[PDB]
>>> print(open('my_file.cif').read())   # mmCIF, C-alpha atoms and all ligand atoms
data_model
loop_
_atom_site.label_atom_id
_atom_site.label_comp_id
_atom_site.auth_asym_id
_atom_site.auth_seq_id
_atom_site.Cartn_x
_atom_site.Cartn_y
_atom_site.Cartn_z
CA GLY H 2 4.92 53.07 -13.87
CA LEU H 3 2.66 51.59 -11.15
CA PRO H 4 4.60 50.42 -8.05
CA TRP H 5 3.91 46.96 -6.59
CA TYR H 6 2.07 47.64 -3.37
CA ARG H 7 -0.18 49.77 -5.57
CA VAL H 8 -0.56 46.76 -7.99
CA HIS H 9 -2.92 44.84 -5.80
CA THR H 10 -5.07 47.93 -5.64
CA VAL H 11 -5.94 47.19 -9.29
CA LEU H 12 -9.48 46.25 -8.40
CA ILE H 13 -10.85 48.30 -5.44
CA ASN H 14 -13.71 48.99 -7.89
CA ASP H 15 -14.64 46.03 -10.15
CA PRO H 16 -15.71 43.70 -7.28
CA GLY H 17 -15.85 41.03 -9.94
CA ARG H 18 -12.14 40.31 -10.19
CA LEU H 19 -11.95 40.88 -6.44
CA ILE H 20 -14.38 38.07 -5.62
CA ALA H 21 -12.04 35.79 -7.53
CA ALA H 22 -9.30 37.23 -5.33
CA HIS H 23 -10.80 36.46 -1.96
CA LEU H 24 -12.07 33.43 -3.88
CA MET H 25 -8.42 32.54 -3.81
CA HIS H 26 -6.71 33.66 -0.70
CA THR H 27 -9.56 31.43 0.32
CA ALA H 28 -8.70 28.50 -1.96
CA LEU H 29 -5.10 28.98 -0.96
CA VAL H 30 -5.70 28.83 2.75
CA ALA H 31 -8.15 25.95 2.75
CA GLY H 32 -5.46 24.11 0.88
CA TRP H 33 -2.72 24.86 3.40
CA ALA H 34 -5.04 23.37 6.00
CA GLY H 35 -5.48 20.00 4.34
CA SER H 36 -1.82 20.46 3.48
CA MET H 37 0.16 20.58 6.69
CA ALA H 38 -2.83 18.70 8.10
CA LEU H 39 -1.67 15.79 5.94
CA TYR H 40 1.83 16.63 6.95
CA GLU H 41 1.37 16.59 10.69
CA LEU H 42 -0.71 13.50 9.97
CA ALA H 43 2.28 12.11 8.10
CA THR H 44 4.17 12.34 11.35
CA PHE H 45 2.02 12.22 14.44
CA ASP H 46 2.82 9.14 16.47
CA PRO H 47 -0.02 7.65 18.48
CA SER H 48 2.02 4.96 20.20
CA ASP H 49 1.64 6.78 23.54
CA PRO H 50 -0.90 9.45 24.60
CA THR N 5030 -24.56 -33.54 0.78
CA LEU N 5031 -22.66 -30.54 -0.72
CA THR N 5032 -20.30 -30.87 -3.70
CA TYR N 5033 -17.09 -28.84 -4.15
CA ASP N 5034 -18.75 -27.23 -7.20
CA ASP N 5035 -21.52 -26.40 -4.73
CA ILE N 5036 -19.41 -25.03 -1.88
CA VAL N 5037 -16.54 -23.42 -3.78
CA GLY N 5038 -16.73 -19.67 -3.77
CA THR N 5039 -18.81 -19.33 -0.61
CA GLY N 5040 -15.61 -18.93 1.36
CA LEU N 5041 -17.29 -21.61 3.37
CA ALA N 5042 -14.56 -24.27 3.19
CA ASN N 5043 -12.72 -21.95 5.58
CA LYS N 5044 -15.54 -22.03 8.12
CA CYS N 5045 -15.99 -25.55 9.46
CA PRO N 5046 -18.90 -27.86 10.46
CA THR N 5047 -21.55 -27.01 13.06
CA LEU N 5048 -23.58 -29.17 15.37
CA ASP N 5049 -27.20 -28.17 15.76
CA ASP N 5050 -28.77 -27.49 19.15
CA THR N 5051 -29.45 -31.21 19.97
CA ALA N 5052 -26.15 -31.20 21.81
CA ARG N 5053 -25.10 -31.41 25.49
CA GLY N 5054 -25.59 -35.17 25.09
CA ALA N 5055 -22.23 -36.55 26.24
CA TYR N 5056 -20.26 -39.06 24.17
CA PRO N 5057 -19.95 -42.50 25.85
CA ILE N 5058 -16.18 -42.99 26.27
CA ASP N 5059 -15.18 -46.61 27.14
CA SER N 5060 -11.69 -47.12 28.62
CA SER N 5061 -12.08 -50.46 26.83
CA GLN N 5062 -12.11 -48.69 23.45
CA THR N 5063 -9.08 -47.40 21.55
CA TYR N 5064 -10.66 -44.17 20.16
CA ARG N 5065 -9.15 -41.71 17.59
CA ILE N 5066 -10.08 -38.24 16.26
CA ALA N 5067 -11.25 -37.54 12.71
CA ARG N 5068 -10.54 -34.15 11.16
CA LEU N 5069 -10.27 -31.93 14.25
CA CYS N 5070 -11.03 -28.43 12.96
CA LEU N 5071 -10.19 -25.04 14.45
CA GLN N 5072 -12.02 -22.19 12.70
CA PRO N 5073 -11.00 -18.79 14.11
CA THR N 5074 -12.46 -15.28 14.36
CA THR N 5075 -10.66 -13.13 16.96
CA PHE N 5076 -6.93 -12.29 16.55
CA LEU N 5077 -5.52 -10.12 19.32
CA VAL N 5078 -1.95 -8.87 19.33
CA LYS N 5079 -0.49 -8.11 22.76
CA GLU N 5080 0.56 -4.50 22.33
CA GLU N 5081 4.33 -4.06 22.76
CA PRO N 5082 3.83 -2.06 25.94
CA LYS N 5083 5.64 1.26 26.12
CA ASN N 5084 8.50 1.47 28.57
CA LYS N 5085 6.08 2.06 31.41
CA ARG N 5086 5.33 -1.03 33.51
CA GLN N 5087 1.52 -0.94 33.95
CA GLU N 5088 -0.51 -3.91 32.53
CA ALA N 5089 0.66 -4.60 28.97
CA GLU N 5090 -2.22 -4.67 26.44
CA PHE N 5091 -4.04 -7.05 24.01
CA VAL N 5092 -5.35 -4.88 21.12
CA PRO N 5093 -7.75 -6.15 18.38
CA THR N 5094 -6.49 -6.50 14.78
CA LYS N 5095 -7.92 -6.45 11.28
CA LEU N 5096 -7.63 -9.53 9.09
CA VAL N 5097 -5.82 -9.11 5.83
CA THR N 5098 -5.38 -12.28 3.72
CA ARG N 5099 -8.98 -13.18 3.16
CA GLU N 5100 -10.07 -16.57 4.50
CA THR N 5101 -6.62 -18.19 4.21
CA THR N 5102 -6.94 -18.54 7.99
CA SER N 5103 -8.76 -21.62 9.33
CA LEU N 5104 -7.15 -25.02 9.88
CA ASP N 5105 -8.43 -28.60 10.02
CA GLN N 5106 -8.05 -32.15 8.70
CA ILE N 5107 -6.09 -32.75 11.91
CA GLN N 5108 -6.08 -36.32 13.13
CA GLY N 5109 -4.52 -38.17 16.03
CA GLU N 5110 -5.03 -41.05 18.46
CA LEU N 5111 -7.20 -40.03 21.40
CA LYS N 5112 -5.55 -41.63 24.43
CA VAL N 5113 -7.62 -42.72 27.43
CA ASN N 5114 -5.02 -42.73 30.23
CA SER N 5115 -5.52 -43.49 33.96
CA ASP N 5116 -7.91 -41.33 36.03
CA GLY N 5117 -10.15 -41.41 32.97
CA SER N 5118 -9.00 -38.27 31.19
CA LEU N 5119 -8.53 -38.05 27.44
CA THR N 5120 -5.30 -36.93 25.80
CA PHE N 5121 -5.29 -36.26 22.05
CA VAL N 5122 -1.95 -36.59 20.29
CA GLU N 5123 -1.99 -35.09 16.81
CA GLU N 5124 0.06 -37.04 14.24
CA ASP N 5125 -0.50 -34.82 11.12
CA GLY N 5126 -2.95 -32.65 9.15
CA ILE N 5127 -3.35 -29.13 7.80
CA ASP N 5128 -2.61 -26.96 10.81
CA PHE N 5129 -0.15 -24.19 9.90
CA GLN N 5130 -2.16 -21.47 8.19
CA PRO N 5131 -0.04 -18.28 7.80
CA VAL N 5132 -2.03 -15.16 8.54
CA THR N 5133 -1.15 -11.53 8.70
CA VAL N 5134 -3.37 -9.17 10.67
CA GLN N 5135 -3.04 -5.38 10.59
CA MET N 5136 -2.25 -3.96 14.02
CA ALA N 5137 -3.73 -0.88 15.71
CA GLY N 5138 -1.25 1.42 14.01
CA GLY N 5139 -0.41 0.39 10.47
CA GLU N 5140 1.73 -2.51 11.56
CA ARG N 5141 1.42 -5.71 9.64
CA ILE N 5142 1.90 -8.40 12.21
CA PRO N 5143 2.17 -11.93 10.73
CA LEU N 5144 2.00 -15.07 12.82
CA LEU N 5145 1.75 -18.73 11.94
CA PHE N 5146 -1.57 -19.79 13.37
CA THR N 5147 -0.85 -23.36 14.20
CA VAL N 5148 -1.63 -26.16 16.58
CA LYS N 5149 1.16 -28.48 15.49
CA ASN N 5150 2.76 -31.42 17.39
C1 LIG L 1 -27.68 34.85 -0.02
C2 LIG L 1 -26.91 35.92 0.01
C3 LIG L 1 -25.44 35.76 0.12
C4 LIG L 1 -24.72 34.62 0.69
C5 LIG L 1 -25.25 33.36 1.31
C6 LIG L 1 -23.31 35.07 0.50
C7 LIG L 1 -22.17 34.27 0.92
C8 LIG L 1 -20.88 34.57 0.79
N1 LIG L 1 -20.34 35.68 0.26
MG1 LIG L 1 -21.37 37.22 -0.53
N2 LIG L 1 -22.39 38.81 -1.34
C9 LIG L 1 -23.73 38.97 -1.45
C10 LIG L 1 -24.70 37.98 -0.97
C11 LIG L 1 -24.40 36.70 -0.33
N3 LIG L 1 -23.14 36.27 -0.09
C12 LIG L 1 -24.20 40.23 -2.08
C13 LIG L 1 -25.61 40.69 -2.34
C14 LIG L 1 -22.94 40.91 -2.40
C15 LIG L 1 -22.75 42.25 -3.06
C16 LIG L 1 -23.89 42.49 -4.01
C17 LIG L 1 -21.91 39.96 -1.90
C18 LIG L 1 -20.49 40.31 -2.05
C19 LIG L 1 -19.39 39.45 -1.60
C20 LIG L 1 -17.91 39.69 -1.69
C21 LIG L 1 -16.96 40.74 -2.20
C22 LIG L 1 -17.41 38.46 -1.07
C23 LIG L 1 -18.47 37.73 -0.73
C24 LIG L 1 -18.05 36.51 -0.11
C25 LIG L 1 -19.07 35.55 0.34
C26 LIG L 1 -18.58 34.28 0.98
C27 LIG L 1 -17.77 34.60 2.23
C28 LIG L 1 -17.50 33.35 3.05
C29 LIG L 1 -16.80 32.30 2.22
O1 LIG L 1 -15.82 32.61 1.56
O2 LIG L 1 -17.01 30.90 2.53
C30 LIG L 1 -16.59 29.88 1.62
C31 LIG L 1 -17.80 29.30 0.93
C32 LIG L 1 -17.99 27.97 0.89
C33 LIG L 1 -16.99 27.05 1.53
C34 LIG L 1 -19.20 27.40 0.19
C35 LIG L 1 -20.08 28.53 -0.33
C36 LIG L 1 -20.30 28.41 -1.83
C37 LIG L 1 -21.54 27.57 -2.13
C38 LIG L 1 -22.35 27.34 -0.87
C39 LIG L 1 -22.38 28.27 -3.19
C40 LIG L 1 -22.69 27.33 -4.35
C41 LIG L 1 -21.65 27.44 -5.45
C42 LIG L 1 -22.19 28.20 -6.66
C43 LIG L 1 -23.68 27.94 -6.83
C44 LIG L 1 -21.91 29.69 -6.50
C45 LIG L 1 -22.79 30.29 -5.42
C46 LIG L 1 -22.78 31.82 -5.48
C47 LIG L 1 -23.68 32.40 -4.40
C48 LIG L 1 -23.89 31.41 -3.26
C49 LIG L 1 -23.13 33.72 -3.88
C50 LIG L 1 -19.88 33.59 1.31
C51 LIG L 1 -20.02 32.29 0.52
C52 LIG L 1 -16.56 36.44 -0.05
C53 LIG L 1 -16.09 35.30 -0.89
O3 LIG L 1 -16.40 34.15 -0.60
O4 LIG L 1 -15.43 35.54 -2.16
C54 LIG L 1 -14.89 34.44 -2.89
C55 LIG L 1 -16.18 37.74 -0.69
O5 LIG L 1 -14.98 38.16 -0.88
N4 LIG L 1 -19.70 38.27 -1.02
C1 LIG L 2 -5.58 36.45 9.39
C2 LIG L 2 -5.85 35.97 8.19
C3 LIG L 2 -5.17 36.54 7.00
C4 LIG L 2 -5.16 37.93 6.57
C5 LIG L 2 -5.82 39.13 7.19
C6 LIG L 2 -4.32 37.83 5.34
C7 LIG L 2 -4.00 38.99 4.51
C8 LIG L 2 -3.27 39.00 3.41
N1 LIG L 2 -2.65 37.97 2.81
MG1 LIG L 2 -2.68 36.07 3.43
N2 LIG L 2 -2.69 34.10 4.05
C9 LIG L 2 -3.31 33.57 5.14
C10 LIG L 2 -4.11 34.37 6.08
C11 LIG L 2 -4.35 35.81 6.01
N3 LIG L 2 -3.86 36.60 5.03
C12 LIG L 2 -3.15 32.11 5.34
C13 LIG L 2 -3.71 31.25 6.44
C14 LIG L 2 -2.31 31.72 4.21
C15 LIG L 2 -1.79 30.35 3.85
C16 LIG L 2 -0.29 30.32 4.04
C17 LIG L 2 -2.10 33.00 3.50
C18 LIG L 2 -1.27 33.01 2.27
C19 LIG L 2 -1.00 34.22 1.48
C20 LIG L 2 -0.18 34.35 0.22
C21 LIG L 2 0.63 33.49 -0.71
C22 LIG L 2 -0.32 35.79 -0.01
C23 LIG L 2 -1.07 36.29 0.97
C24 LIG L 2 -1.25 37.70 0.80
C25 LIG L 2 -2.05 38.45 1.77
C26 LIG L 2 -2.21 39.92 1.56
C27 LIG L 2 -2.88 40.22 0.23
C28 LIG L 2 -2.34 41.54 -0.30
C29 LIG L 2 -1.20 41.96 0.60
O1 LIG L 2 -0.24 41.22 0.71
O2 LIG L 2 -1.45 42.91 1.67
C30 LIG L 2 -0.36 43.41 2.44
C31 LIG L 2 0.42 42.24 3.01
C32 LIG L 2 1.68 42.40 3.43
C33 LIG L 2 2.34 43.75 3.34
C34 LIG L 2 2.44 41.23 3.99
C35 LIG L 2 2.22 41.13 5.49
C36 LIG L 2 2.67 39.78 6.03
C37 LIG L 2 3.75 39.94 7.08
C38 LIG L 2 3.14 39.92 8.48
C39 LIG L 2 4.79 38.83 6.93
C40 LIG L 2 6.20 39.40 6.83
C41 LIG L 2 7.09 38.52 5.97
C42 LIG L 2 6.79 37.05 6.22
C43 LIG L 2 5.96 36.88 7.48
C44 LIG L 2 8.09 36.26 6.31
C45 LIG L 2 8.90 36.38 5.03
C46 LIG L 2 9.07 35.02 4.36
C47 LIG L 2 10.01 35.12 3.16
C48 LIG L 2 9.38 34.48 1.93
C49 LIG L 2 10.39 36.57 2.88
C50 LIG L 2 -3.08 40.32 2.73
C51 LIG L 2 -2.34 41.27 3.65
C52 LIG L 2 -0.52 38.17 -0.43
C53 LIG L 2 0.56 39.13 -0.09
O3 LIG L 2 1.24 39.63 -0.97
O4 LIG L 2 0.94 39.33 1.30
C54 LIG L 2 -0.07 39.49 2.29
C55 LIG L 2 0.08 36.88 -0.93
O5 LIG L 2 0.81 36.75 -1.98
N4 LIG L 2 -1.52 35.39 1.90
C1 LIG L 3 -17.33 24.68 5.98
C2 LIG L 3 -16.53 23.63 6.00
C3 LIG L 3 -15.35 23.62 6.89
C4 LIG L 3 -15.16 22.84 8.12
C5 LIG L 3 -16.09 21.87 8.80
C6 LIG L 3 -13.79 23.28 8.51
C7 LIG L 3 -13.13 22.78 9.71
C8 LIG L 3 -11.91 23.11 10.15
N1 LIG L 3 -11.03 23.96 9.60
MG1 LIG L 3 -11.32 25.01 7.91
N2 LIG L 3 -11.59 26.11 6.18
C9 LIG L 3 -12.67 26.12 5.37
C10 LIG L 3 -13.87 25.31 5.61
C11 LIG L 3 -14.10 24.39 6.73
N3 LIG L 3 -13.19 24.18 7.70
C12 LIG L 3 -12.59 27.01 4.18
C13 LIG L 3 -13.61 27.24 3.10
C14 LIG L 3 -11.26 27.61 4.32
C15 LIG L 3 -10.58 28.61 3.42
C16 LIG L 3 -11.62 29.54 2.81
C17 LIG L 3 -10.74 26.99 5.57
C18 LIG L 3 -9.39 27.36 6.05
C19 LIG L 3 -8.79 26.81 7.27
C20 LIG L 3 -7.43 27.11 7.86
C21 LIG L 3 -6.22 27.96 7.56
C22 LIG L 3 -7.48 26.24 9.04
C23 LIG L 3 -8.66 25.62 9.03
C24 LIG L 3 -8.77 24.75 10.17
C25 LIG L 3 -10.00 23.96 10.37
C26 LIG L 3 -10.07 23.07 11.57
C27 LIG L 3 -9.99 23.91 12.83
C28 LIG L 3 -10.67 25.26 12.64
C29 LIG L 3 -11.55 25.55 13.84
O1 LIG L 3 -11.83 24.67 14.63
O2 LIG L 3 -11.91 26.92 14.15
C30 LIG L 3 -12.55 27.23 15.39
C31 LIG L 3 -12.96 28.68 15.40
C32 LIG L 3 -13.78 29.17 14.45
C33 LIG L 3 -14.29 28.26 13.37
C34 LIG L 3 -14.18 30.62 14.48
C35 LIG L 3 -12.94 31.49 14.58
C36 LIG L 3 -13.09 32.76 13.76
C37 LIG L 3 -14.13 33.69 14.37
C38 LIG L 3 -13.76 34.06 15.80
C39 LIG L 3 -14.27 34.94 13.51
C40 LIG L 3 -15.38 35.84 14.03
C41 LIG L 3 -16.39 36.17 12.93
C42 LIG L 3 -17.03 37.53 13.16
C43 LIG L 3 -16.92 37.94 14.62
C44 LIG L 3 -18.49 37.49 12.71
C45 LIG L 3 -19.34 38.43 13.55
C46 LIG L 3 -19.84 37.74 14.81
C47 LIG L 3 -21.31 38.05 15.06
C48 LIG L 3 -22.20 36.88 14.66
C49 LIG L 3 -21.54 38.44 16.52
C50 LIG L 3 -11.44 22.46 11.41
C51 LIG L 3 -11.35 20.95 11.20
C52 LIG L 3 -7.52 24.82 11.00
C53 LIG L 3 -6.84 23.48 10.99
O3 LIG L 3 -5.93 23.24 11.77
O4 LIG L 3 -7.13 22.52 9.94
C54 LIG L 3 -6.07 21.94 9.18
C55 LIG L 3 -6.70 25.81 10.22
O5 LIG L 3 -5.52 26.21 10.53
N4 LIG L 3 -9.49 25.92 7.99
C1 LIG L 4 -5.88 42.14 6.18
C2 LIG L 4 -5.95 41.93 4.88
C3 LIG L 4 -5.42 42.94 3.94
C4 LIG L 4 -5.83 43.18 2.56
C5 LIG L 4 -6.89 42.48 1.73
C6 LIG L 4 -4.93 44.30 2.19
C7 LIG L 4 -4.95 44.92 0.86
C8 LIG L 4 -4.18 45.92 0.44
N1 LIG L 4 -3.23 46.58 1.11
MG1 LIG L 4 -2.68 46.23 3.01
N2 LIG L 4 -2.09 45.90 4.96
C9 LIG L 4 -2.57 44.97 5.83
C10 LIG L 4 -3.65 44.03 5.48
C11 LIG L 4 -4.35 43.93 4.19
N3 LIG L 4 -4.07 44.73 3.14
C12 LIG L 4 -1.96 44.95 7.18
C13 LIG L 4 -2.28 44.05 8.34
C14 LIG L 4 -0.97 46.03 7.10
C15 LIG L 4 -0.01 46.50 8.16
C16 LIG L 4 0.69 45.31 8.78
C17 LIG L 4 -1.13 46.53 5.71
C18 LIG L 4 -0.28 47.64 5.24
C19 LIG L 4 -0.36 48.21 3.89
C20 LIG L 4 0.45 49.34 3.30
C21 LIG L 4 1.55 50.29 3.70
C22 LIG L 4 -0.13 49.39 1.95
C23 LIG L 4 -1.07 48.44 1.89
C24 LIG L 4 -1.68 48.44 0.59
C25 LIG L 4 -2.75 47.47 0.30
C26 LIG L 4 -3.37 47.49 -1.07
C27 LIG L 4 -2.30 47.17 -2.11
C28 LIG L 4 -0.98 46.82 -1.44
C29 LIG L 4 -0.47 45.50 -1.98
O1 LIG L 4 -1.25 44.60 -2.23
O2 LIG L 4 0.95 45.23 -2.02
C30 LIG L 4 1.45 44.17 -2.84
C31 LIG L 4 2.03 43.09 -1.95
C32 LIG L 4 3.20 42.52 -2.26
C33 LIG L 4 3.94 42.94 -3.50
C34 LIG L 4 3.78 41.44 -1.37
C35 LIG L 4 5.20 41.81 -0.98
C36 LIG L 4 5.26 42.31 0.46
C37 LIG L 4 5.73 41.21 1.40
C38 LIG L 4 7.25 41.09 1.37
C39 LIG L 4 5.06 39.90 1.02
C40 LIG L 4 5.10 38.91 2.19
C41 LIG L 4 3.84 38.07 2.23
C42 LIG L 4 4.06 36.71 1.57
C43 LIG L 4 5.55 36.42 1.41
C44 LIG L 4 3.38 35.63 2.40
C45 LIG L 4 2.17 36.18 3.15
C46 LIG L 4 1.96 35.46 4.47
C47 LIG L 4 0.85 36.11 5.28
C48 LIG L 4 0.61 35.35 6.58
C49 LIG L 4 1.16 37.58 5.55
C50 LIG L 4 -4.39 46.39 -0.97
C51 LIG L 4 -5.80 46.94 -1.12
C52 LIG L 4 -1.07 49.49 -0.28
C53 LIG L 4 -2.11 50.52 -0.62
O3 LIG L 4 -3.15 50.19 -1.16
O4 LIG L 4 -1.80 51.94 -0.48
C54 LIG L 4 -2.25 52.65 0.68
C55 LIG L 4 -0.06 50.09 0.65
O5 LIG L 4 0.74 51.06 0.37
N4 LIG L 4 -1.26 47.70 3.02
#
>>> encode(input="my_file.cif", output="structure tokens", more="lines below")
Ligand code: CLA
Ligand code: CLA
Ligand code: CLA
Ligand code: CLA
Amino acid sequence: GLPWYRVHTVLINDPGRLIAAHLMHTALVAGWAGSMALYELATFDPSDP
Amino acid sequence: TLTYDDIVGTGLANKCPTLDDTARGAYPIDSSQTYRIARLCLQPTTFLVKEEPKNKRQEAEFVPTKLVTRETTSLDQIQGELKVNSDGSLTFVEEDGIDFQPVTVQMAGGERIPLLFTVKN
């Protein structure tokens, strides 16, 4: 019986699995950038600055 | 001196005849001579689309565009009597010839603006 907020604690020690974590919140952000980036890009109108 | 089997492929037949730098030597027009034109050719390079100006009324623009349909642009083989009317000026009246090449350039944005490059009638 390990409650959820405590579930991300898993690692704390074992920096290995953790690297892969940050290695993700990092691959998840980067994505979002290119993501909405495309999006906004899919809508910005240049017609008049 | 060049055969079709020699010029085909170069995308040259779309670019037309030059005159080397031995020019500036005026052609002796008569006024006693009928005179006609043989294959008048217009090879182009710069297509500018006047930008549909935004509602504001300050100098509408003439943006530059990218060519799409490769080489299907130039026009020639145009012929017509070259009139020599009073005051010694020449008027050329085209009777026929290949002159309506349809081109489509890509505007500033993504617009595909198509016009009918032509010098007819
Ligand atoms: C030369 C020494 C060195 C260098 C240059 C780095 C660099 C980095 N460490 Mg790091 N680290 C080091 C020593 C080093 N560390 C040591 C000695 C420890 C403990 C012993 C750690 C423990 C540690 C932890 C816990 C974390 C980092 C993280 C990071 C990254 C944070 C920024 C990032 O995410 O950008 C993004 C990076 C890029 C856009 C490109 C960088 C990757 C390329 C350049 C490397 C080439 C790929 C391949 C060969 C793997 C390389 C591994 C190696 C470079 C570390 C960054 C790449 C964070 C991280 O990135 O985790 C995923 C993180 O959470 N480090
Ligand atoms: C300032 C930079 C920054 C920081 C410090 C963090 C920190 C965190 N992110 Mg994160 N993230 C970021 C930028 C950042 N992020 C960016 C740019 C993206 C791209 C969208 C993400 C996408 C992302 C995802 C998908 C997840 C995280 C998660 C996390 C947390 C990992 C563990 C945990 O949740 O802790 C504690 C975190 C909390 C208790 C949540 C606090 C967030 C509050 C402020 C938001 C409240 C609810 C939300 C705003 C609206 C509800 C929407 C609806 C679905 C209910 C940690 C707090 C994980 C998480 O579970 O939540 C953080 C997770 O699954 N992040
Ligand atoms: C290395 C390659 C690279 C390049 C050239 C860029 C470039 C860009 N990213 Mg980006 N990004 C990258 C990797 C890269 N990213 C990676 C690997 C991730 C995920 C790991 C992201 C996640 C990300 C997000 C979520 C966003 C961007 C965004 C951007 C754009 C605006 C960001 C900016 O201007 O910040 C200017 C300011 C800084 C770069 C610094 C701010 C943070 C500082 C203040 C932290 C301080 C550090 C600390 C104090 C260290 C100690 C200081 C000590 C030396 C004294 C810009 C085009 C933004 C964008 O709109 O693009 C779509 C955006 O929202 N990126
Ligand atoms: C800044 C980065 C960061 C990181 C790496 C962590 C990491 C951690 N925090 Mg934490 N925390 C942070 C910021 C961060 N926190 C901030 C800014 C706050 C106050 C606002 C907190 C408040 C907090 C509390 C009270 C607790 C933790 C706990 C923890 C540990 C496990 C908790 C857990 O993951 O829940 C799991 C997360 C979920 C199940 C996600 C559900 C919660 C919301 C609804 C998710 C919403 C986020 C998601 C929808 C999108 C994210 C968007 C992003 C922009 C936020 C873990 C080591 C726990 C701990 O270790 O015990 C002391 C714990 O009890 N944190």
>>> residues_near_ligand(input="my_file.cif", ligand="ligand LIG 3 (chain L)", cutoff="6 Å", atoms="all atoms listed in the file", output="ChimeraX atom specification")
/H:27-28,30-31,34-35,38
>>> residues_near_ligand(input="my_file.cif", ligand="ligand LIG 2 (chain L)", cutoff="7 Å", atoms="only C-alpha atoms and all ligand atoms", output="PDB file with C-alpha atoms, keeping the file's coordinate frame")
ATOM      1  CA  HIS H   9      -2.920  44.840  -5.800  1.00  0.00           C
ATOM      2  CA  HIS H  26      -6.710  33.660  -0.700  1.00  0.00           C
ATOM      3  CA  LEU H  29      -5.100  28.980  -0.960  1.00  0.00           C
ATOM      4  CA  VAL H  30      -5.700  28.830   2.750  1.00  0.00           C
ATOM      5  CA  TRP H  33      -2.720  24.860   3.400  1.00  0.00           C
TER       6      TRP H  33
END
>>> interface_residues(input="my_file.cif", of="chain H", to="chain N", cutoff="8 Å", atoms="all atoms listed in the file", output="JSON, numbers by chain")
{"H": [47, 48, 49]}
>>> residues_around(input="my_file.cif", residues="residue N:5058", least_positions_apart="5", cutoff="10 Å", atoms="all atoms listed in the file", output="MDAnalysis selection string")
chainID N and resid 5063:5064 5113 5117:5119
>>> write_last_selection(input="my_file.cif", atoms="C-alpha atoms", output="PDB file, keeping the file's coordinate frame")
ATOM      1  CA  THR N5063      -9.080 -47.400  21.550  1.00  0.00           C
ATOM      2  CA  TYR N5064     -10.660 -44.170  20.160  1.00  0.00           C
ATOM      3  CA  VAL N5113      -7.620 -42.720  27.430  1.00  0.00           C
ATOM      4  CA  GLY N5117     -10.150 -41.410  32.970  1.00  0.00           C
ATOM      5  CA  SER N5118      -9.000 -38.270  31.190  1.00  0.00           C
ATOM      6  CA  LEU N5119      -8.530 -38.050  27.440  1.00  0.00           C
TER       7      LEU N5119
END
>>> residues_near_ligand(input="my_file.cif", ligand="ligand LIG 1 (chain L)", cutoff="8 Å", atoms="all atoms listed in the file", output="VMD selection string")
chain H and resid 16 to 17 19 to 25 27
>>> residues_near_ligand(input="my_file.cif", ligand="ligand LIG 4 (chain L)", cutoff="8 Å", atoms="only C-alpha atoms and all ligand atoms", output="count of residues only")
7
>>> atom_distance(input="my_file.cif", atom1="atom CA of residue N:5143", atom2="atom CA of residue N:5040")
21.3 Å
>>> residues_around(input="my_file.cif", residues="stretch 5096-5110 of chain N", least_positions_apart="2", cutoff="7 Å", atoms="only C-alpha atoms", output="PyMOL selection string")
chain N and resi 5040+5043-5044+5064-5073+5094+5112+5121-5128+5130-5135
>>> axis_aligned_box(input="my_file.cif", around="stretch 5084-5091 of chain N", padding_each_side="8 Å", output="AutoDock Vina command-line options")
--center_x 2.2 --center_y -2.5 --center_z 29.0 --size_x 28.5 --size_y 25.1 --size_z 25.9
>>> atom_distance(input="my_file.cif", atom1="atom CA of residue N:5092", atom2="atom CA of residue N:5079")
6.1 Å
>>> atom_distance(input="my_file.cif", atom1="atom CA of residue N:5087", atom2="atom CA of residue H:50")
14.2 Å
>>> closest_residue(input="my_file.cif", among="N:5074, N:5116, N:5091, N:5050", to="residue N:5146", atoms="only C-alpha atoms")
N:5074
>>> build_atoms(input="my_file.cif", residues="stretch 14-19 of chain H", atoms="N, CA, C and O atoms", output="PDB file, in the frame of the given file")
ATOM      1  N   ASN H  14     -12.397  48.992  -7.247  1.00  0.00           N
ATOM      2  CA  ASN H  14     -13.710  48.990  -7.890  1.00  0.00           C
ATOM      3  C   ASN H  14     -13.654  47.654  -8.669  1.00  0.00           C
ATOM      4  O   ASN H  14     -12.671  46.921  -8.546  1.00  0.00           O
ATOM      5  N   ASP H  15     -14.690  47.289  -9.412  1.00  0.00           N
ATOM      6  CA  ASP H  15     -14.640  46.030 -10.150  1.00  0.00           C
ATOM      7  C   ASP H  15     -14.655  44.807  -9.212  1.00  0.00           C
ATOM      8  O   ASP H  15     -13.843  43.889  -9.334  1.00  0.00           O
ATOM      9  N   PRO H  16     -15.583  44.795  -8.242  1.00  0.00           N
ATOM     10  CA  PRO H  16     -15.710  43.700  -7.280  1.00  0.00           C
ATOM     11  C   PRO H  16     -15.639  42.325  -7.937  1.00  0.00           C
ATOM     12  O   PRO H  16     -15.369  41.320  -7.280  1.00  0.00           O
ATOM     13  N   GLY H  17     -15.899  42.286  -9.234  1.00  0.00           N
ATOM     14  CA  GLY H  17     -15.850  41.030  -9.940  1.00  0.00           C
ATOM     15  C   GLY H  17     -14.531  40.311  -9.752  1.00  0.00           C
ATOM     16  O   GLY H  17     -14.472  39.246  -9.130  1.00  0.00           O
ATOM     17  N   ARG H  18     -13.461  40.910 -10.271  1.00  0.00           N
ATOM     18  CA  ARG H  18     -12.140  40.310 -10.190  1.00  0.00           C
ATOM     19  C   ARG H  18     -11.741  40.108  -8.743  1.00  0.00           C
ATOM     20  O   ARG H  18     -11.014  39.174  -8.427  1.00  0.00           O
ATOM     21  N   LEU H  19     -12.253  40.966  -7.863  1.00  0.00           N
ATOM     22  CA  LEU H  19     -11.950  40.880  -6.440  1.00  0.00           C
ATOM     23  C   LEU H  19     -12.524  39.603  -5.833  1.00  0.00           C
ATOM     24  O   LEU H  19     -11.834  38.905  -5.089  1.00  0.00           O
TER      25      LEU H  19
END
